[PDB]
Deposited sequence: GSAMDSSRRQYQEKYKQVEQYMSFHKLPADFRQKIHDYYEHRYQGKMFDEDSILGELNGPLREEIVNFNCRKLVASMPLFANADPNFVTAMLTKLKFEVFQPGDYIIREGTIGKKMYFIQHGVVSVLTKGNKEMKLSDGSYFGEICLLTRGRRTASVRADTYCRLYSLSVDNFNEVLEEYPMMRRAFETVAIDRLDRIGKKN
């Protein structure tokens, strides 16, 4: 459990040292691991692959209980739509200053905010926090990123690929409007 973490990070330390990365850079990497993994590390994909559909769906719904509550997207949504969304989400942690999205680039994923603050820059800046999502526009229109999104504070986010976005909207077509009104 905690042994896996310390061993994995030692390898990371050796990697950074082998490539002679700068001190401050190694400190940034260190902080990332602590914030992201919290001293413990699991082969989740492996543990979840041992379970069945129902169990996996129960675990995701529980782990994301807080996130689902903050999101109006699931305001009064179909519980199965919620599950279809959650099971396809990928947990990611961002650091202050990080460029989550860069304007003019091809977008292949959107983000759901669990906890943290991001600045949307296209024009003047704008703030988005817990509950809200961003990066859905290019997913609907297939165009380029309509803005850059720099991380303001430590951000605990859940991303969704364009493929998974579309696969979920293939099963719940009318839930597409929710994303459209936010972007329209």
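- Residues of the deposited sequence lacking C-alpha coordinates fall in the stretches 1-6, 129-130, 193-202, numbered from 1.
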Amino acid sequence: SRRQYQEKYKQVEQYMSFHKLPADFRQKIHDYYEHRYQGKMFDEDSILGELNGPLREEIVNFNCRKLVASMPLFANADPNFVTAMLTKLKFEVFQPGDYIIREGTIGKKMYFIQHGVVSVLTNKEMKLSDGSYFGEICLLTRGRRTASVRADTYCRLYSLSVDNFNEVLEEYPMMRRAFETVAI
From here on, numbers count along this sequence of modelled residues.
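Take the two forms, superpose them, and find the largest set of C-alpha atoms that agree within 1.5 Å; that set is the rigid core.
- Superposition on the core shows that, in 8 other deposited structures of this protein, the C-alpha atoms drift more in one of 72-80 and 105-113; this is 72-80.
- After superposing on the rigid core, the larger RMS C-alpha deviation in 8 other deposited structures of this protein belongs to 62-70, the other candidate being whichever of 62-70 and 24-32 remains.
- Mean CA B-factor, 19-27 versus 166-174: the higher value falls on 19-27.
- Mean C-alpha B-factor is higher over 34-42 than over the other stretch, the pair under comparison being 34-42 and 48-56.
- Sort the modelled residues of the chain by CA B factor and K88 lands in the lowest third.
- The PDB entry assigns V118 a C-alpha temperature factor belonging to the lowest third of its chain's modelled residues.
- Ranked within its chain, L157 lands in the lowest third, by CA B factor from the PDB record.
- Ranked within its chain, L128 lands in the middle third, by CA B factor from the PDB record.
- Among the modelled residues of the chain, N63 sits in the highest third by CA temperature factor in this PDB entry.
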